[PDB]
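Here the protein sequences come in this chain order: A and B.
Residue numbers for the first sequence follow the numbering used here, beginning at 1 and rising by one.
Residue numbers for the second sequence follow the numbering used here, beginning at 1 and rising by one.
For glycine and all other residues, C-beta sits at the position ideal for the given N, C-alpha and C.
Working notes, structure below.
2 protein chains.
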Amino acid sequence: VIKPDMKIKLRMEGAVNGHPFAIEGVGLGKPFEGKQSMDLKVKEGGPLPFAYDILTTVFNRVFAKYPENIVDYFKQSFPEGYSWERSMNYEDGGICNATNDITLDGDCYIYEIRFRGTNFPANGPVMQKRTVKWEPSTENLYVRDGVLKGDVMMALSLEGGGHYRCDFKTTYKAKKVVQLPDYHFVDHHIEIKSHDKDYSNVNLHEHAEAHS
Amino acid sequence: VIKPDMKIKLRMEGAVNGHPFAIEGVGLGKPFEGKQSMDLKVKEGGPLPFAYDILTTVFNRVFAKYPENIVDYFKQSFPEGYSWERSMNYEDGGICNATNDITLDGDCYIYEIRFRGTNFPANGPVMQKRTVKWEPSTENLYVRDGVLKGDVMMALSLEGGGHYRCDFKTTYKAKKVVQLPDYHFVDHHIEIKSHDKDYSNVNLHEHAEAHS
Numbered sequence: 001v002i003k004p005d006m007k008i009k010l011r012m013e014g015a016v017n018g019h020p021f022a023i024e025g026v027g028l029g030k031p032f033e034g035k036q037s038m039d040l041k042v043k044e045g046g047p048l049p050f051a052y053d054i055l056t057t058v059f060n061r062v063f064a065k066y067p068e069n070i071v072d073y074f075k076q077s078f079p080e081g082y083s084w085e086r087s088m089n090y091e092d093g094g095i096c097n098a099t100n101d102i103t104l105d106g107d108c109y110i111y112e113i114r115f116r117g118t119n120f121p122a123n124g125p126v127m128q129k130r131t132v133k134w135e136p137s138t139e140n141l142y143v144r145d146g147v148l149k150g151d152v153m154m155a156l157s158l159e160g161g162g163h164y165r166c167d168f169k170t171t172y173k174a175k176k177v178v179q180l181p182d183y184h185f186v187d188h189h190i191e192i193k194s195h196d197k198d199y200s201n202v203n204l205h206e207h208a209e210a211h212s
Numbered sequence: 001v002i003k004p005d006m007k008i009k010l011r012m013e014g015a016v017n018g019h020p021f022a023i024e025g026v027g028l029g030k031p032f033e034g035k036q037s038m039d040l041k042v043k044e045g046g047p048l049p050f051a052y053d054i055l056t057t058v059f060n061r062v063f064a065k066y067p068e069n070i071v072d073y074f075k076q077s078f079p080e081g082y083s084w085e086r087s088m089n090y091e092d093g094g095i096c097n098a099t100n101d102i103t104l105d106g107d108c109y110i111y112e113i114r115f116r117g118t119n120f121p122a123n124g125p126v127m128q129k130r131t132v133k134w135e136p137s138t139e140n141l142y143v144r145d146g147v148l149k150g151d152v153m154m155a156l157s158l159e160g161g162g163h164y165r166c167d168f169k170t171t172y173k174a175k176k177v178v179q180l181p182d183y184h185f186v187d188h189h190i191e192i193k194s195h196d197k198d199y200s201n202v203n204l205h206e207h208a209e210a211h212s
């Protein structure tokens, strides 16, 4: 029931280092081509006093190009959907955790999202908005305990060159019971194409292709 | 001074969970094509009572295909060479550490290697030789503190399907002073093409291509 063009609707409630915030978002993409884009406005918490970049990767692996020879765990899970939970460890001690429950409403995906970030040093790159972008990545996906795990080593580039390392660990739980895939990879590039002064409005893209 | 075909000569002294061992090895490869193969015989410690797989990734990123648009940190470092140090953390608590100093002797690379593994549960996949192979990987390389770091998430497949997760963290120190590269990746596939009953003799291949 996956369609060539589908839309996205999402809200995130969160808090980073004690500062609460709420973001909502609208966008669309092509599930079979692995491309997507979305617009995101801050509803509460504005202006955010931390790097927006830490949030962007939380903003649905259904939007990945999956070759025929690989089982699409995500596209199979619909219309019932699936959820995922992710830990995010930054080398300077900051931790972020996030869940997203994903449901289908016609042709438009709905994300319910929760986000908690903490232990970011005050003088760190996240608290001082010194991040620039996520470098591209390759996520490693493998089956464990009947669900689907996703691990990836991430790096934010910083002001002056230089990189800020984060490790993502993700678990994907399909609602219904779906066919499980062998070990494979998903390349990612995520970009903020544009934004206003304090990232209250943000336009975000990500293309992703699975392979072996 | 890098040549189309070059040879490898290597010795490793080590110990895993208290059991000492020594391995030597001869092989060759094509630096510019990222392919290599080697033969490895156990000299002391035979037969090894642990998974051979934990060793194989220690057995020279000069053997990677580097496109023109990317700085080859390794190929630049010669004939003086370079060394590297790697931590290897397995999810079941076992840790391995390893260094390799790499020198050129004519057309043949020489590896001096040290290896320490410990804290592997007795009933674990490494102590019970239940590993099958390393899944392919994508290593993320970035510059830090004037040297070159290399991080990669690895998985050993196991008996019965299922996977054993390890995180590699590697630092590469060139001897001389060489040009430093931007963030990039190196895909790896490493295979034991053949071996005798107890892995005393082993034939090992790895192809690797850098990209962006």
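Check: Is DSSP giving residue 179 of chain A helix, strand or coil here?
Finding: coil
Next item on the list: Please confirm if residue 171 of chain A has its CB atom under 8 Å from at least one CB of chain B.
Entry: no
Checklist line | For residue 18 of chain A and residue 152 of chain B, the rounded distance between their alpha carbons | finding: 32 Å
Check: Rounded to whole angstroms, how far is the Cβ of residue 211 of chain A from the Cβ of residue 202 of chain A, which I believe are closer than 8 Å?
Finding: The Cβ separation is near 29 Å, so there is no contact.
Next item on the list: For residue 208 of chain A, I'd like the list of residues in its chain whose CB is within less than 6 Å of its CB, leaving aside the five on either flank, ordered along the chain.
Entry: 34, 64, 186, 188
Note to self: Can you check which of these residues, B:1, B:7, B:11, is closest to residue 115 of chain B by C-alpha distance?
What the structure shows: B:11
Next item on the list: State the Cα-Cα distance for the pair residue 171 of chain B and residue 145 of chain B, rounded to the nearest angstrom.
Entry: 10 Å
Notebook entry, point to check: What span of residues does the alpha helix (DSSP H) with residue 48 of chain A cover, start to end?
Noted result: Taken as a continuous stretch (DSSP letters only), residue 48 of chain A belongs to no alpha helix (DSSP H), as it is neither H nor E.
Check: When the Cα atoms are used, what is the spatial distance from residue 175 of chain B to residue 83 of chain B?
Finding: 7 Å
Note to self: Taking contact to mean 3 or more Cβ pairs, one atom from each stretch, closer than 8 Å, check whether the stretch 45-56 of chain B and the stretch 117-125 of chain B are in contact.
What the structure shows: yes
Margin query: For residue 101 of chain B and residue 160 of chain A, what's the separation of their Cα atoms in angstroms?
Written below: 31 Å
Next item on the list: Verify whether the separation of the beta carbon atoms of residue 23 of chain A and residue 7 of chain A is less than 8 Å.
Entry: no
Check: Tell me the DSSP bridge mates of residue 8 of chain B?
Finding: B:27, B:109
Notebook entry, point to check: Which residue comes first and which comes last in the beta strand (DSSP E) that contains residue 198 of chain A?
Noted result: Careful: residue 198 of chain A lies outside any beta strand (DSSP E) and carries neither H nor E.
Check: By Cβ distance below 6 Å, which residues in the same chain neighbour residue 98 of chain B in space, the five residues on each side in sequence not counted?
Finding: 58, 86, 115
Margin query: For chain A, check one thing: does any of its Cβ atoms lie closer than 8 Å to the Cβ of residue 185 of chain B?
Written below: yes
Note to self: With a threshold of 7 Å on Cβ separation, who are the neighbours of residue 89 of chain A within its own chain once the five nearest residues in sequence on each side are excluded?
What the structure shows: 95, 166, 167
Item checked: residue 72 of chain B burial status per 10 Å Cβ neighbour count (16 or more: buried) -> buried
Next item on the list: List the DSSP bridge partners of residue 153 of chain A.
Entry: A:167
Checklist line | Integer-rounded CB distance, given that residue 156 of chain B should sit under 8 Å from residue 131 of chain B | finding: 5 Å
Next item on the list: Would you tell me roughly how many angstroms separate the C-alpha atoms of residue 109 of chain A and residue 2 of chain A, rounded to the nearest one?
Entry: 11 Å
Check: Is the CB-CB distance between residue 5 of chain A and residue 25 of chain A below 8 Å?
Finding: no
Notebook entry, point to check: DSSP three-state call for residue 212 of chain A: helix, strand or coil?
Noted result: coil
Next item on the list: Report the residue ranges of all beta strand (DSSP E) runs contained in full by the stretch 48-102 of chain A; include only those spanning at least 3 residues, in chain order.
Entry: 82-90
Check: Beta-carbon of residue 89 of chain B versus every beta-carbon of chain A: anything under 8 Å?
Finding: no
Next item on the list: Would you decide whether residue 62 of chain B is buried or exposed? Buried here means 16 or more other CB atoms lie within 10 Å of its CB.
Entry: buried
Notebook entry, point to check: Quick one: Cα of residue 113 of chain B to Cα of residue 9 of chain B, how far?
Noted result: 11 Å
Notebook entry, point to check: residue 93 of chain B to residue 134 of chain B, Cα distance in whole Å?
Noted result: 18 Å
Note to self: Only counting the same chain, and skipping five residues up and downstream in sequence, which positions put a Cβ closer than 6 Å to that of residue 66 of chain B?
What the structure shows: 72, 210
Note to self: Counting only beta-carbon separations shorter than 8 Å, does residue 53 of chain B have a partner in chain A?
What the structure shows: no
Margin query: Could you pull the DSSP bridge partners for residue 39 of chain A from this structure?
Written below: A:26, A:203
Check: Bridge partners of residue 20 of chain B, per DSSP?
Finding: B:15
Check: Of the choices A:148, A:30, A:45, A:41, whose alpha-carbon is the least far from that of residue 21 of chain A?
Finding: A:45
Note to self: Please report the straight-line C-alpha distance between residue 129 of chain B and residue 81 of chain A, rounded to a whole angstrom.
What the structure shows: 39 Å
Margin query: Which residue marks the beginning of the beta strand (DSSP E) containing residue 130 of chain B, and which one marks its end?
Written below: Where residue 130 of chain B is concerned, there is no enclosing beta strand (DSSP E), given that its DSSP letter is neither H nor E.
Check: In chain B, which residues lie less than 8 Å from residue 66 of chain A when you measure between Cβ atoms?
Finding: Chain B residues near residue 66 of chain A: none, gap ~17 Å exceeds 8 Å.
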